[PDB]
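J.: Order-wise, the sequence lines are chains 2, D, 3, H, 1, N and A. The deposited numbering puts the first sequence at residues 30 to 44, 55 to 85, 101 to 170, 174 to 190, 196 to 209. The deposited numbering puts the second sequence at residues 1 to 127, 134 to 221. The deposited numbering puts the third sequence at residues 1 to 127, 134 to 221. The deposited numbering puts the fourth sequence at residues 1 to 127, 134 to 221. The deposited numbering puts the fifth sequence at residues 26 to 132, 163 to 201. The deposited numbering puts the sixth sequence at residues 26 to 132, 163 to 201. Every number in the deposited numbering is 105 more than the matching position in the seventh sequence, counting from 1. Backbone N, C-alpha and C define an ideal beta-carbon position, used for all residues, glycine too.
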Amino acid sequence: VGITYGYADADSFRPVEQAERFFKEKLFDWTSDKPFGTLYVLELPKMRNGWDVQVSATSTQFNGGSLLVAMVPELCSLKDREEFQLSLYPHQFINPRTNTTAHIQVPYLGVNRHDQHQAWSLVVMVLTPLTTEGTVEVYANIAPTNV
Amino acid sequence: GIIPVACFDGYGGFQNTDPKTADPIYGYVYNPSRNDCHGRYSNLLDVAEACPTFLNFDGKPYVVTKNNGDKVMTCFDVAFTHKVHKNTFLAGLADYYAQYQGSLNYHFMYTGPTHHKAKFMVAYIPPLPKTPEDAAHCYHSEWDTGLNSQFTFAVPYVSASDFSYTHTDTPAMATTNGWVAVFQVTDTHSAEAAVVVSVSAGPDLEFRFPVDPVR
Amino acid sequence: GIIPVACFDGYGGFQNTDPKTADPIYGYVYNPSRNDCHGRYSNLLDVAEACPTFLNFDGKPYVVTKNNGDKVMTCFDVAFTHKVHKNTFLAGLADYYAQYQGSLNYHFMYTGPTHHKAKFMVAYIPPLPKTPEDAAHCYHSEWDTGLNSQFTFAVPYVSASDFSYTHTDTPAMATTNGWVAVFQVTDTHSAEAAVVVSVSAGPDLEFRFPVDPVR
Amino acid sequence: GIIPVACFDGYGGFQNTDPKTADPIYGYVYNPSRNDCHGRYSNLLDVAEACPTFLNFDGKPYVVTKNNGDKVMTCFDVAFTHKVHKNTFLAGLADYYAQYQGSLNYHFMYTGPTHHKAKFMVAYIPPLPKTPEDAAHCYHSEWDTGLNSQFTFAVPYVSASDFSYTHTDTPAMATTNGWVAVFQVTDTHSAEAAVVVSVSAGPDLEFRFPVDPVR
Amino acid sequence: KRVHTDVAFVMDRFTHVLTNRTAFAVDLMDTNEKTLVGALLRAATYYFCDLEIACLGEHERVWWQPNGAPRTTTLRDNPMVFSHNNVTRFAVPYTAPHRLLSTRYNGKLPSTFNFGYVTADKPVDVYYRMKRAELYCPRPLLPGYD
Amino acid sequence: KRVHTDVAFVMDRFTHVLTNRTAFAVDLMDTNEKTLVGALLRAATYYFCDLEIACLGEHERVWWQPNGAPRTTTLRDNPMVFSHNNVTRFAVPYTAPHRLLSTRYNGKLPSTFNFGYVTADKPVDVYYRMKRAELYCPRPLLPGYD
Amino acid sequence: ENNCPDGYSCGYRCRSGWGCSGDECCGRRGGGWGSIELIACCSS
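#1: Which residue's Cα is closest to the Cα of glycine 112 (chain H): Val72 (chain H), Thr172 (chain H), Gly152 (chain H), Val191 (chain H)?
#2: For a test of the three-state rule: what should DSSP assign to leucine 125 (chain N), helix, strand or coil?
#3: What does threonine 88 (chain D) reach in chain 2 if we use C-beta pairs closer than 9 Å?
#4: Could you compute how far the alpha carbon of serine 71 (chain 2) sits from the alpha carbon of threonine 112 (chain 2)?
#5: Would you say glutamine 170 (chain 2) faces chain 3, with C-beta separation under 9 Å as the test?
#6: Assuming the contact rule is C-beta atoms closer than 8 Å, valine 84 (chain H) and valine 188 (chain H) should be a hit. Round their C-beta distance to whole Å, please.
#7: Which residues, in chain order, does the region 170 to 196 of chain 1 contribute to contact with chain E at a C-beta distance below 8 Å?
#8: In terms of alpha-carbon separation, which member of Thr194 (chain D), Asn31 (chain D), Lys71 (chain D), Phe108 (chain D) lies closest to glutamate 139 (chain D)?
#9: Should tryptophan 123 (chain A) go down as buried or exposed, given a rule of 16 or more other Cβ atoms within 10 Å for buried?
#10: Since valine 62 (chain 1) contacts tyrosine 41 (chain D) with CB under 8 Å, what's their CB separation in whole angstroms?
#11: Would you mind stating whether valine 180 (chain 2) and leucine 142 (chain 2) have Cβ atoms separated by less than 9 Å?
#12: Since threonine 70 (chain 1) meets chain 2, which of its residues come closer than 7 Å, beta carbon to beta carbon?
#13: Residues of the region 153 to 179 of chain D with a CB closer than 7 Å to any CB of chain 2: list them in chain order, please.
#14: For the region 58 to 79 of chain 3, list every residue whose C-beta sits within 8 Å of some C-beta in chain H, in sequence order.
#15: With 16 other CB atoms within 10 Å as the buried threshold, where does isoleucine 148 (chain 2) fall?
#16: Would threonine 53 (chain D) pass as a contact of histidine 173 (chain D) if the rule is Cβ separation under 9 Å?
#17: Can at least three beta-carbon pairs, one atom from the region 169 to 181 of chain 1 and one from the region 34 to 53 of chain 1, be found at a separation below 8 Å?
#18: Whole angstroms are fine: how far does the CA of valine 117 (chain 1) sit from the CA of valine 87 (chain N)?
#19: Tell me which residues share the same chain as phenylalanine 89 (chain D) and place their Cβ nearer than 8 Å to its Cβ, disregarding the 5 neighbours each side in the sequence.
#20: Looking only at C-alpha atoms, which of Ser204 (chain H), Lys136 (chain H), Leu45 (chain H) sits nearest to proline 216 (chain H)?
#21: Taking only beta-carbon positions, decide if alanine 33 (chain N) is within less than 9 Å of chain 3.
#22: Quick check on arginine 67 (chain 1): does DSSP put it in helix, strand or coil?
#23: Could you tell me the distance, in whole angstroms, from the CA atom of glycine 104 (chain 2) to the CA atom of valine 55 (chain 2)?
#24: I need the straight-line Cα distance from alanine 207 (chain D) to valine 161 (chain D), nearest angstrom please.
#25: Strictly below 7 Å CB to CB, what residues from chain 3 border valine 112 (chain 1)?
#26: Output the distance between the C-alpha atoms of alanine 79 (chain N) and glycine 93 (chain 1), rounded to the nearest integer angstrom.
#27: By how many angstroms is the C-alpha of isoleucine 25 (chain 3) removed from the C-alpha of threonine 113 (chain N)?
#28: For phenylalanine 107 (chain N), write down the residues that DSSP places opposite it in a beta bridge.
#29: Where in the region 65 to 98 of chain H do unbroken runs of the beta strand (DSSP E), each at least 3 residues long, occur, reported from the N-terminal end onward?
#30: Near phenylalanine 14 (chain D), what residues of its chain come up, given a Cβ to Cβ distance below 7 Å and the 5 sequence neighbours on each side ignored?
#31: Excluding five sequence neighbours on each side, which residues of the same chain lie with their C-beta closer than 6 Å to the C-beta of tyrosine 106 (chain D)?
#32: List, in order along the chain, the chain N residues whose C-beta lies closer than 9 Å to that of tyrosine 28 (chain D)?
#33: Strictly below 9 Å CB to CB, what residues from chain 1 border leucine 164 (chain N)?
#34: Taking its Cβ as the centre, do 16 or more other Cβ atoms sit within 10 Å of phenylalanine 116 (chain 2), making it buried, or is it exposed?
#35: Going by the CB atoms, is the gap between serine 149 (chain A) and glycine 127 (chain A) shorter than 9 Å?
#36: Am I right that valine 200 (chain 2) and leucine 187 (chain 2) are in contact with their C-beta atoms under 8 Å? What's the rounded C-beta distance?
This is the structure we're talking about:
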């Protein structure tokens, strides 16, 4: 639980940016009928800017499951066995019993210093099917930083 | 005024891994800089240590608790060629290296309801009985899902040789690499839960002899 | 007493750009001096910066004020392949170089009677609206022909890539290089004037990768 | 800018004993260590000095005391090609070397009953009479099996040349290498006994010019 | 200390990329996706290197044009290397206009992601070597063979 | 700092000037007027360099007389270089009596503006390289191609 | 003793948007490659 800064600079954290705009959107209905690997990919944007996404879910003490929320840079496609290595990307876990809310911030990334071109894609995967003992909804809050 | 030399036989052929450099065409090029770029990695295994990747338990990364009395949720080898490790980044990285040595870290995450608390023990069985009492004399560790739903189980390197072979053929051999297994000590199971298992390279793991597999 | 060597394969062929020198025939020649000579230039881009060259507006380097209401005397790309830049020393240099990066300086000289005073503006529209209000958010400058009949406008480098290609084919593409445009803010035009436009390399301009064009 | 050289004729052929090294393939390998290993020997003759090996007296390493009056038990040469030395480590090591020089140490061990004490003298007869009186003017020594049942008899190098030939053919030549013989001074023989004889390289022995016997 | 997993060590190898070609772009994605170099290159989003091109086969000379140069049938006074013992090895600088090259692109890769163009007198077999290779943003890597 | 547009760097290249000639003057205006070396040379009113000549082709040896030497069919003991691997590269020092050479002349260029005279055993292809070139009085330069 | 949750260590400079006077945050490497996670400030 906390705030994840993907591809962070080691020197910059030795002992600035901020979110300018805001947005909200529902992604999918988290239900037990979706097994592992139920990907939901959202390209960003839906100016040399870094993104800041706060994916949240509505879960109670009787809800169980796990979502993997990551930001893949230039996700053209995902192969059959590639999902298992998604943790290679700036990612977080949403668990109803641990944090039930994700927050990832990534810098500008590209071949050039100015972008047009979906550089980043927010990917949400259902790592484990939803378990209960009454529906769970996922809402994504996306805000550009340092435009 | 002429240096006498002798062109030896045997040297001079085109080697694809020779240390010698070539003669540049545009020798006065100066690319600006790449210092402030993000995500640079200069070592492959450094990526594998900090990026645990999930295991393949019959197409799924999690393990379902069983109501029947067996006390063994899973029993998988520690071989990179095993179907369990098939999807991991380490196995993908191990396919291109002949030999390896070092330790593995296995990460376990519990994704059940917050009300249900379960206690699990992880046992390593060096090259085999499948009971906690016989695993007491062997390497073992126990973690309760009431303090941290995240457990790391370092697997020591106990192979006979200094280095092991990345490529081999052992489906369920008793002496494969140590038979990591997960035991649930609580027989008072309430309902179905899940345990996500992922593996990351240990701080001392080391691959060697890069190989192009043409199998 | 013989140094063992090994003649490698791959090196030794005749390269037209090799750094190695040859063996002179008359090795004891001494040409007197060229220190007190005039006009020596050791860099082509220094000449390009110090010597602005005129543009080609349909066979003429000057633009004529129009009586009709359009407020746009000229609107030309910043591409070296554009016919407007066809007759410049910068375009001549660009034909032999693969890539370039940097800024340009456009020099405008008023060529009318001394009694007639006019105020012009020049705008650079990065990769497009053609109005002064929308150019206010863009990079625009304004000069009045009552103080100096000689104005310099610095067109910066705002291309996406670090370097840009000197060879391309874009007639009036909206993203060619920035669409330098000239407006007359005063609608009280009196008679037929003329404005001479020339271009020169900026202090930071730099070409790279010389190329023989065999198109 | 080119160094003038000249590829001499005669050098450059593939020598099987050339000091030059080759170009490694995996030049960044680092085997851990072999410091704490046991039994390493860096010199072959150091092994031969510290490891005496038995002689071949008609298939047996020992000598049977004779009841008849001859005062001689064995009379064997000091040649590595002789059938007596055939089974020794020195002869096996001498088969691969052209020449040698130095001394030999012959170890005699008495393996009889403790009650029976016998006195033996060992004589070296340089290149021949077989009597102790004639051996008095020659090199000889005497040891009694009542103090130490282990005797060392150093054989000095008295060959005419500085180095001798390991490979030769002399069955019982009077000038082979010195005709080491063992004499028993006590004619009061009681019963049958044995004397184990072994040879080890002297501290000054030195083989040279390794060769491959293709006889 | 681990040496054989270093990127600058692994990528510093001549990999066979294409066989029997006379004129070709030097797109580093021409490498085989199952070889060591190709697989570890495709496991990174971005990269940068100075290349070495080796041409093996019966050919007299090889011309190389930097990235951005116009494509023409006949090359005159362009960078040309004559073959020695039917081998032509030469080091190509990073001529792309971009700061870094990318294996993937969420737009097929545009033509600007290459190290130039190469023409040969006769068809040759080509080997690529990444000198001082730098990799960025690691991507999933999977076992090529089972 | 700009390097690739330096005069001492650009002109330091072998340019193909003529093909299949056995005896030829070493005038520097034989260069193709559209090549990089040829066009930039004609963009200067005066120049100075120590030429390098390369001959490619089946020839046993090549000669070279300095500027001003009489022209004769048979050459004896004149500066002669034998070909190695059918290539003859040799550095010709600056030879003209004038302090500087010129591309244009308001007075066709007179015969004194050359670096010598070269006769080959058999016809060869010739490449010129300008070592330590020094250009003077820049002249208009135009795009060769559109 | 350091006042950070389990697995969190100090010595990480706080990035913009945390309001920590000492500029020391309970940093934690994880979440990908090169990712750095901050959860709160560091108090000594």
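T.: On the basis of the coordinates in this document:
#1: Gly152 (chain H)
#2: coil
#3: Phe138, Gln139
#4: 14 Å
#5: yes
#6: With 8 Å as the limit, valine 84 (chain H) and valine 188 (chain H) do not qualify as a contact, their Cβ atoms being about 12 Å apart.
#7: Considering every chain present, this structure includes no chain E. Its protein chains are 2, D, 3, H, 1, N and A.
#8: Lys71 (chain D)
#9: exposed
#10: Wrong, their Cβ atoms sit about 16 Å apart, outside the cutoff.
#11: no
#12: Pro127, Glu128
#13: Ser155
#14: none
#15: buried
#16: no
#17: yes
#18: 34 Å
#19: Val47, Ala48, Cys51, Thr53
#20: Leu45 (chain H)
#21: yes
#22: helix
#23: 11 Å
#24: 10 Å
#25: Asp9, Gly10
#26: 29 Å
#27: 12 Å
#28: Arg86 (chain N)
#29: 74 to 76
#30: none
#31: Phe159, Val205
#32: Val28, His29, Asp31, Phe34
#33: Neighbours of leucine 164 (chain N) on chain 1: none; closest Cβ ~23 Å, over 9 Å.
#34: exposed
#35: yes
#36: Wrong, their Cβ atoms sit about 11 Å apart, outside the cutoff.
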